[PDB]
Every structure is written in structure tokens, then in C-alpha cells.
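Okay, structure first, notes after.
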There are 2 protein chains.
Amino acid sequence: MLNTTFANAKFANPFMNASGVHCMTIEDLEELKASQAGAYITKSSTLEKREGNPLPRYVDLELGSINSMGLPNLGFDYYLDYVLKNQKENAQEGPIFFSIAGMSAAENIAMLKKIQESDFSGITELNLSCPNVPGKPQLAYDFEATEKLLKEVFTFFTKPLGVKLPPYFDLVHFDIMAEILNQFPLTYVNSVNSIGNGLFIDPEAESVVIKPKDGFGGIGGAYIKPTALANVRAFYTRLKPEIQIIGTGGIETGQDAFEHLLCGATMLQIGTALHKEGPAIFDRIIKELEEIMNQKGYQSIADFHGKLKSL
Amino acid sequence: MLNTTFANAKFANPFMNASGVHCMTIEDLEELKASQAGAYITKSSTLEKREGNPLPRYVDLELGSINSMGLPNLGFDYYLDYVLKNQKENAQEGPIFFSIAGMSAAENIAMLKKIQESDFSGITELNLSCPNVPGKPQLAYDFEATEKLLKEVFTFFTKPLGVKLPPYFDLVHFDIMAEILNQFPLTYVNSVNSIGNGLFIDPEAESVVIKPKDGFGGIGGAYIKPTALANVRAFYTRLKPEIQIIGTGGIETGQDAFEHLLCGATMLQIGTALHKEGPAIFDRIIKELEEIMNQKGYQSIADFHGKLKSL
Ligand SMILES: Cc1cc2nc3c(=O)[nH]c(=O)nc-3n(C[C@H](O)[C@H](O)[C@H](O)COP(=O)(O)O)c2cc1C
Ligand SMILES: Cc1cc2nc3c(=O)[nH]c(=O)nc-3n(C[C@H](O)[C@H](O)[C@H](O)COP(=O)(O)O)c2cc1C
């Protein structure tokens, strides 16, 4: 009963992995294809293969996780060849999502041109918010640079495109972003990427727990649900209906999923919890969401989607 | 063993209430004076009395709190007369802190002029980040507006002044702010105010939990510690040594306090936990911190202050 329509495609359920979790190699991707995830997305890629930051760069926290991966990925070509080959063996219902995170505007345009010129018929996600790349600030916090990039992208990109955004914390920022985004034929916006540059400390050792950037890393998990929900909701009420929303952040139980959908998310991505549990999480959370719906007498997501009530 | 020197004043310990919690009326303040807090601060005031937002506007959460108080306060004159009367009857070792949060630059300058002209010899905290006032974006997220205001304030304000800042999530933002602040004879910066505009949902009722701003409110408590610690540490390494730091955010145990001190905070403010526990919290947390220090063989905060180790 979780059938979903997103970007003109039908998915068995709205669950996907969040980019960067369990999607580094073809082996990881095949495991997601074999799981009950309704769809899956590749690790954000760059033109050149990258090793990422020094270890340790990821730590499981009681309330979530902190990481500073530094974009380790097997390179743009590796992922493109994989998706193109999978396009031929139609053994999946729905398109695959392809994430790109170029280190500069030039690199993102180059990758998008290649995607546009290829036979790829899936969905592309432009990551404008990686908080863990030393020397590179989050492009999506610079409204002007963001508007400039999107203008150049839409002069040639005609395929489905969505943007992964960092969290915003001021209503006026939502107004400004929504206005910039509403002018483009975007397929979706995905909120949110990690809460950037947080710090976790081991009081006994009196030190940080991750090696890169003096311990500052992206925060995810339970810590960020309040912000994730707010971002999904704030955008749901300001974006033109043509642009759908993928909600990412703090999803660990069917209840968390239910809350994102109530705010207005259509697809849902699980990061930290999937990293901790493995692909079996999809089976568990699908069962949990269905139980919630059963108890409430709901037979489809359309019964409550975007219907969060004010007081 | 928690003796502290801050703004050239000596305090029995570094603990104080965070502005807005247990400090609305003279009765609240007197209870703080009678508790074991090393110092205390008043509720942010405006020139005129304010009722604040409709109820419910504050909700305790398992991992913190969410609120949209709307600056309810008894007015600038009420707090000033109270602090002035207290100065006469010298029954306190250490100045009292006075928070102001005018709805416009003009209102802030007017209150500051009044403080400058009065006999007030305590410390003033200028709130540049109230995220719960409908229609007003956080001034501190506007670097240019913030620089202008401080430029004007320092052309006449000669008494001790500190600034309460909203959390920042991009290292470049820390660089820009540190450069703006370093040019002024500021006494301190207080990081951080609530994580702005989060959302909490009651899944059973399928609605938000607070009435104002459609349920969007400031987040505090365990949810924000990683961000709080990061802000304190990021500023500690960029600000000129003359500007000290007050760390606020997610403090509820001695260990949380220890982590803030390890990052570089000198004074510590407790918000959410004090709202939940009452002034008796000071007695508990002081014992917990001393217990940690005893186990490690530390006899004063100077032994580990700002000594967080990188990997
Ligand atoms: C180990 C790790 C790596 C990540 N890598 C990326 C990445 O390559 N691309 C991206 O857009 N987001 C990345 N994310 C961030 C997320 O996709 C997601 O937005 C985030 O973790 C918030 O969700 P969560 O609370 O479920 O973790 C990563 C998160 C983690 C935990
Ligand atoms: C009920 C409430 C009212 C608040 N009022 C103010 C206020 O008037 N001025 C201010 O600077 N901060 C205000 N804050 C924010 C805090 O002083 C503090 O920055 C925040 O709660 C983060 O700390 P915590 O994690 O200990 O709550 C308020 C917080 C709460 C819980």
C-alpha cells in the first residue's frame, strides 16, 4: 500500500538509501537492488576517482553519526557505465538515481553535459551541499552562486534533475531559495544533507573522534530530525507543485517516515540508520509504516500526504 | 575548584542560567541569586512590556525542547531598576548580566544608550539571534547588517558588552564573523542561541506541538550539543584572546560542561535542562564537574581549558 508516483515513475514504496551510504561499489548497489528499497541512489561522484579523507572519518554516535568522508568515490565514468548497463537488463521497476558532486561549477557542468549526451534515462541529483570537503564551502549557502549555476545548467540539461540541499534555519532563507528554485524546471529538491560542521568529543581521551578537519564533521541521525522535518515542510509550502520533495534526515522507524510524508515528502532516504543496520532496514521500516497506516485506517500515502495540521 | 575569571571579574564557578530560562520576574532572579549559580542573566528585554506568542509555545521533548516564546518580558525599565537596586546592596561577588533584544537596530541603540548613561556596572549581552519573532530574520545571519550595528554601538558604548550568536554551520561563516568581531573591543561572544526553526510533530494527532509560526520553533537540549561545541571551538581558535567565550547548548551533566570548557568556553549557560530541573541543577552539575576533575587529577579549570586534542 506504499505505491508512490514520483518524477512520473511508479515505485513500489518511497524508501531509498541516502547518497553516500551503502552505494560505493557495484557490489553495494546490487545489494540495494536486491533489497526491498523502492529505489536507490549512487555515491556522489567526481570526474576523478577519490580516496577521501584520512581515517577515522566516520563514527556511530548514540544519537546519530558524525563523518567527514571527503567524497570517496570510484569516479564519474565507473558509475555511468554501471547505470547504462543496468538500463539494458530491465530487471527493475523505476529509474535509478545518479548523484554528482563536482568540486567546482565547471566540474558539475562537465558531468551534467556527459549525462545529457549519454543514453541515461534515470534521474540525476546535483549535490550542492557537501559539508566535508576541506577548502570548499557549501555552495547552497551562497544564493547568488546557486542561482548562477542553475541558470547555466538549464540552458542545456533536459533530463530529470533534482538538488540535494543543506539545512536552512531562517524562514527568510526558505523564501529566497524557494523563489530561486521555482523559476526552473526542476524535478525535485532533497532536504536535507547533514547538519554541517558539528563536533563530537571523547571526554576520557579529551579529543575529537574523527581525524579530518580537526574533528568537525557532518551530523546525521536522531540529532537532525527536527531540522529535516522543518526543511521538508518549509519547502513543501513554498515550492510550485511541479517540484516534488525527497525527505532525508533522522529516519529510523516507520513513525519517522510517517512524519516526513505528513510534512510533504514523496520519496524518503535513509542514511545513518542504513549504515548501522544494513539493507534489511527496508524490510523492517516498510512493515512499521504499514502498521501505522493500518491502525489509522489509511490505505495509501495519498490519505495523509502533506496533511500536517497546525494548532 | 571551579573559580573563574571572566571579563576581569572573579566568579565562584562558571555556571549561569541561559537568557530566557528562569529569569522573567524579580522573583525568578532572586531564586537564581540564592542558588549555586556563579552568575545569572536577565530575560532579553525590549523597550516595552511584551506578552509573547500564544500558547502552547514551549514543549519539553525527550531529547531537548522546542519553543517559540516570542520575547515575553517585563520591559527594559523593569530589569534596569532591578539591577540598579541590586548594585547598592552589595550581597554578590560578581556582576549581573543584562540581556537586551530590540526588535530593530534603533531599539537596540536606544537601550544601549540608556545602559551607558545609567550607573549599571554589570555586563550587557546583545542578542543578535532571536529566532522566535515572526517577520524578523536573525540579524547575525546578515554579516553586513551585523558589522554596521556593532560599528555604531562602539562609537559610544564603553561598558562590557557581549553578543549572543545563532549557530553557524559553514567554516567560511566562522572566518567571516571572526574577522568582523575581532575589530571591536568586545568582551565576549556567547555561542549558541537555539538551532532555529526546527519542527516537532505529534504523530498520533498528526499536528505540530506549538501554536505560533505553524509549529516552527527554536531547538535546544541534547539535539544541539554537537553544533554548540563546534561553534564554541570554532570561535575559540579564531577570536583574538581579549574576547572570551560563553558556551551555551546541550549542557545537562558535568561531562557536557567539561566538554564545553575543553573546547574553550570560560562561562557556561544552562537553558533547557534548567527549565526542566529548576535551580537545584547548579548544585548537581557543579558536583559532577568536580568529580570529573578529581578523577583526572585536575585542581582548576586552567589545567584543561581549551585543551581539546586533535587526532
Ligand atoms: C557516511 C555518510 C556519507 C554521506 N555521503 C553523502 C554523499 O556522498 N552525498 C550526499 O548527497 N550526501 C551524503 N550523506 C549525507 C546524506 O545522504 C544524508 O543527507 C544524511 O546522512 C542525513 O540523513 P540521516 O540522518 O539519515 O543520516 C552522507 C552521510 C553519511 C552518514
Ligand atoms: C524557553 C526559552 C526561552 C529562551 N529565551 C531566550 C532569550 O530571551 N534570549 C536568548 O538570548 N536566548 C534564549 N533562549 C535560548 C537560550 O538562552 C539558549 O541559547 C538555548 O536554549 C540553547 O541552550 P540549551 O541547549 O541549554 O537550551 C531561550 C531558550 C528557551 C528554552
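Side notes on the structure shown:
- Some residue of the range A:1-8 being within 15 Å of ligand 1 (Cβ to nearest atom) and within 26 Å of residue A:251 (Cα to Cα): no
- Residues that are in contact with a helix residue (DSSP H, G or I) (Cβ under 9 Å, 6 or more places away or on another chain), without any contact (Cβ under 8 Å) to a residue 24 or more places away in the chain and within 16 Å of ligand 1 (Cβ to nearest atom) occur at least once in the range B:160-173.
- Within the range B:166-188, the set of residues being among the hydroxyl-bearing types (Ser, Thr, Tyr) and either at the interface with chain A (Cβ under 9 Å from one of its Cβ atoms) or surrounded by 21 or more Cβ atoms within 10 Å (Cβ to Cβ) (or both) comprises B:168, B:188.
- Just one of the numbered conditions (1) assigned by CATH to the domain that holds residue A:10; (2) in contact (Cβ under 8 Å) with a residue 12 or more places away in the chain; (3) among the hydrophobic types (A, V, I, L, M, F, W, C) is not true of residue A:281: (2).
- Residue in the range B:15-30 that is assigned to a loop (DSSP other than H, G, I, E, B), buried (at least 17 other Cβ atoms within 10 Å of the Cβ) and free of Cβ contacts under 8 Å to residues at least 40 places away in the same chain present: yes
- The residues of the range B:220-259 that are away from ligand 2 (no atom under 14 Å from the Cβ), more than 11 Å from chain A (Cβ to nearest Cβ) and either basic (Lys, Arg) or within 23 Å of residue B:291 (Cα to Cα) (or both), listed by number, are B:238, B:240.
- Residue under evaluation residue B:40, criteria (1) under 24 Å from residue B:210 (Cα atoms); (2) in contact with a strand residue (DSSP E or B) (Cβ under 7 Å, 6 or more places away or on another chain); (3) buried (at least 22 other Cβ atoms within 10 Å of the Cβ), criterion not met: (1)
- All positions within the range B:1-48 that are more than 14 Å from ligand 2 (Cβ to nearest atom) and of a type in the set (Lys, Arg): B:10, B:33
Yes or no, residue by residue, for (1) within 11 Å of ligand 1 (Cβ to nearest atom); (2) not in a loop (DSSP other than H, G, I, E, B); (3) not hydrophobic (A, V, I, L, M, F, W, C):
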| site | (1), (2), (3) |
| --- | --- |
| A:43 | yes, no, yes |
| A:48 | no, no, yes |
| A:71 | yes, no, no |
| A:125 | yes, yes, yes |
| A:130 | yes, no, no |
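- So residue A:121, is it away from chain B (no Cβ under 14 Å), away from ligand 2 (no atom under 16 Å from the Cβ) and of a type outside the set (A, V, I, L, M, F, W, C): yes
- The listed residues are A:212, A:203, A:241, and the only one of them that is within 16 Å of residue A:59 (Cα to Cα), surrounded by fewer than 16 Cβ atoms within 10 Å (Cβ to Cβ) and of a type outside the set (D, E, K, R) turns out to be A:203.
- Filtering the range A:189-219 to residues that are more than 18 Å from residue A:67 (Cα to Cα), facing chain B (nearest Cβ under 10 Å) and of a type outside the set (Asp, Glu) leaves A:203, A:205.
- Considering (1) surrounded by fewer than 20 Cβ atoms within 10 Å (Cβ to Cβ); (2) touching a strand residue (DSSP E or B) at 6+ places or on another chain (Cβ under 8 Å), the lone condition that residue A:103 does not fulfil carries the number (2).
- Restricting attention to the range A:180-197, the residues being more than 19 Å from the chain's Cα centre (by Cα) and over 11 Å from residue A:242 (Cβ atoms) number 2.
So basically every Cβ, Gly included, is an ideal-geometry build from the backbone, and we count neighbours across all protein chains shown. The values are calculated or read from the model by the stated rules, or taken from the named source; no laboratory instrument gave them.
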